[PDB]
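# Fold and geometry: a report
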Amino acid sequence: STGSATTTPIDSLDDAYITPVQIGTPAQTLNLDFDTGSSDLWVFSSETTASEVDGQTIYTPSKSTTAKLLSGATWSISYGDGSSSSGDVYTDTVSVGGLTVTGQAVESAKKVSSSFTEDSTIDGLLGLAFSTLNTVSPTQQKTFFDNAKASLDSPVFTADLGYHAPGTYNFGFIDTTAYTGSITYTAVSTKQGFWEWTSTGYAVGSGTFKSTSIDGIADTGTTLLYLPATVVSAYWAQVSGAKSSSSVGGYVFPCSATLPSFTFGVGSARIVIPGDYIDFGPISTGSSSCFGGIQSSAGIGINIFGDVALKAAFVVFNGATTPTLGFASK
């Protein structure tokens, strides 16, 4: 089998991407944030504290004839950005772009933190990291991809995120029309449960390429590109007027400035992030100070190849017995 779904930016900045997901019988369609940095499929629901729901579409398990309570099961998650949620668990039928899993753990939120409530466009998350990070207790549950894997034509999914535009998640096949050149595959460590890999280096604009190993994760659920402070300093030094602002919480720059591209290494291959991808607009409405899309990972404890980087590439998440990542230009 295969599946293919369009993923759509939630706003004009590509702060995140939502993908429609069918849950239950009859189908309840929710717009979920596909997140290769986590491993829980959780949704706003009829069980979510009323005051914490503000415009989201909810899953109502009582209206699904295929929903079954996973008795005794609870979940609770906290994300790198400080947000969180928790609740109980049902199993139900879940379909993504024509690909159907029966008996998928659907984690129903009883509580969500403010940032989720405040974002009316995201109805939940669909985790695509490794199932070892799944938070369901006492019995850990598998991700949608893990459950679908054996049935797929090939045990892979691909992320093709758009710049200020929709893109595509495919399951079970590689669309050879979606990228230019060849796909370069690179080793993955699953030891922290992430799609973790090592970039071979970087370049700033037309500058010479610096060969240096950068360990990080391919994370569709993170907006920006978070890299070591040295790398990030080298980038923003090439932007007139840029500075790191402790009050704002990272690098900012005047919108009158021209942003250089940023290139990262995949083996001997090279992915170029155009400068425009690194602009995240005014820090506040009307401000001439713009927020940068490349920021320091210092104090996160891991480097994160988030949407800023991934949307410059066609990315293969290869779930073969030994997982790998593939990157192509497009």
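Summary of conventions: residues on each chain are numbered from 1 in written sequence order, possibly unlike the entry numbering, and any residue without coordinates is omitted from what is shown. For side-chain calculations, the full set of non-hydrogen atoms in the structure is used, while hydrogens and water are omitted. Residues with missing side-chain atoms are left out of burial classes, side-chain pairs and their counts.

The deposited coordinates derive from X-ray crystallography, with the record listing a resolution of 1.6080 Å.

## Details of the sheet that holds strand β14 (residues 225-227)
Strand order in the open sheet formed by seven strands is β18-β17-β12-β13-β22-β14-β21, with mixed pairing between adjacent strands. Looking at the sheet topology across the chains shown, the edges are occupied by β18 (269-273) and β21 (294-296). Between one strand and the next, the sheet's axes are offset by a mean angle of 45°, whatever the strand orientation. Pairing between two strands is assigned when DSSP locates at least 2 bridges connecting them. Each helix corresponds to a stretch of at least 4 residues labelled H or I by DSSP, and each strand to a stretch of at least 2 residues labelled E; elements are numbered beginning at the N terminus. Judged from the three bridges that link them, strand β12 (residues 196-204) and strand β17 (residues 262-266) form a sheet pairing that is antiparallel. For helices, the fitted line uses only the C-alpha atoms of the stretch in contact; every axis is such a line through C-alpha atoms, and the angle between N-to-C directions lies from 0 to 180 degrees.

## Observations concerning the packing of aromatic side chains
Pairing of aromatic side chains here covers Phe, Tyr and the six-membered ring of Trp, requires ring centres within 6.5 Å, and sorts the geometry by plane angle: under 30 degrees stacked, over 60 edge-to-face, intermediate tilted. Across all of its chains, the model carries 25 aromatic pairs by this definition. Judged by centre distance (6.4 Å) and plane angle (70°), the ring pair of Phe 34 and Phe 171 falls under edge-to-face. Pair noted here: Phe 34 is in strand β3 (residues 28-35) and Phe 171 is in strand β10 (residues 167-171), with a separation of 137 residues, a long-range link. Three exposure classes are used, based on accessible area relative to the maximum for each residue type with a 1.4 Å probe and protein chains only: buried under 20%, partly exposed in between, and exposed over 50%. On the accessibility criterion, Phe 171 (0% relative accessible area) is buried. A centroid spacing of 5.8 Å and a plane angle of 40° characterise the contact between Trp 42 and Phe 44, whose relative ring orientation is tilted. Each member of the pair, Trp 42 together with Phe 44, is buried. Whether a charge sits over a ring comes down to the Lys NZ or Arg CZ being within 6 Å of the ring centre and within 35 degrees of the ring normal. Here the guanidinium or amino end of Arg 270 rests over the ring plane of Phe 209, the centre of that ring lying 3.6 Å away. The ring of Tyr 277 carries the charged tip of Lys 311 above its face, separated from the ring centre by 5.7 Å.

## A few points about the domain arrangement of the protein chain
Delimitation of the domains relies on an automatic or database domain assignment. As assigned here, the protein chain comprises domain 1 (5-174) and domain 2 (175-330). Distance from the C-alpha centre of domain 1 to the C-alpha centre of domain 2: 25 Å. Facing 30 residues of domain 1, the contacting portion of domain 2 comprises 33 residues. When residues of the side of domain 1 that touches domain 2 are traced back to their parent elements, those giving at least two are β3, β9 (156-160) and β10. Considering every element that reaches the side of domain 1 that touches domain 2, the biggest residue donor is β9, with five residues. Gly is put with the polar residues, along with every residue not named as nonpolar or charged; the nonpolar set is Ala, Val, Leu, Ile, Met, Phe, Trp, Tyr, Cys and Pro, and the charged set is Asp, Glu, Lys and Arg. Of the residues that constitute the side of domain 1 that touches domain 2, the class distribution is 18 nonpolar, six polar and six charged. Whether two residues touch is decided by their heavy atoms; if any such pair falls within 4.5 Å, the residues are in contact.

## Remarks on the layout of surface pockets
For each structure, a 1 Å grid was placed over the protein atoms alone; sets of points admitting a 1.4 Å probe that cannot get out are labelled cavities, open sets with protein on both sides within 12 Å along at least five of seven lines are labelled pockets, and lining residues have an atom within 4 Å of a point. Grid points are joined across faces, edges and corners, and a volume is the space filled by probe spheres set on the points. By volume, the largest pocket is sized at about 1,200 Å³. In terms of lining, the largest pocket is formed by 38 residues, of which the most central are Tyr 79, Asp 81, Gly 221, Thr 222 and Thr 223. Mapped onto the lining of the largest pocket, the elements with two or more residues apiece are β3, β5 (68-78) and α1 (114-117). Residues of the lining of the largest pocket, tallied by class, amount to 18 nonpolar, 12 polar and eight charged. Two domains each donate at least three residues to the lining of the largest pocket, and these are domain 1 (5-174) and domain 2 (175-330).

## A closer look at the UniProt feature "disulfide bond" in the protein chain
The UniProt disulfide joining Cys 255 and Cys 290 is present here, with an S-S separation of 2.0 Å. With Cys 255 in the loop between β16 (250-254) and β17 and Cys 290 in strand β20 (residues 289-292), the pair connects residues that are 35 residues apart, well separated along the chain. Taking the relative accessible area as the measure of exposure, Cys 290 reaches 3% and is therefore buried. Put simply, a disulfide is two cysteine sulfurs that come within 2.5 Å. UniProt positions are given in the numbering used here, feature names are shortened, and annotations may be inferred rather than shown by experiment.

## Observations regarding the pairing of strand β19 (residues 279-282)
Of the strand pairs in this sheet, β19 and β20 are connected by two bridges, and their pairing is antiparallel. Each bridged residue has a counterpart across the sheet, and for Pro 282 the counterpart in β20 is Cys 290. The hairpin turn running from β19 into β20, its antiparallel successor, is six residues long, and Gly 286 in that turn takes a positive phi close to 90°.

## Structural notes on the sheet that holds strand β15 (residues 243-245)
Spatially, four strands are ordered β15-β16-β20-β19 in an open sheet, and the strand pairing comes out antiparallel. Because the sheet does not close on itself, it has two edges, and the strands there are β15 and β19. Looking at each pair of strands side by side, their axes are set apart by 40° on average, direction ignored.

## A few points about the state of the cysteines
Considering all chains together, one arrives at one disulfide under this definition. Paired through a disulfide, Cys 255 and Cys 290 show a sulfur-sulfur distance of 2.0 Å. What sets the handedness of the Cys 255 and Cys 290 disulfide is the S-S torsion sign, and at about 120° it is right-handed. Looking at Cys 255, the relative accessible area reads 37%, which means it is partly exposed.

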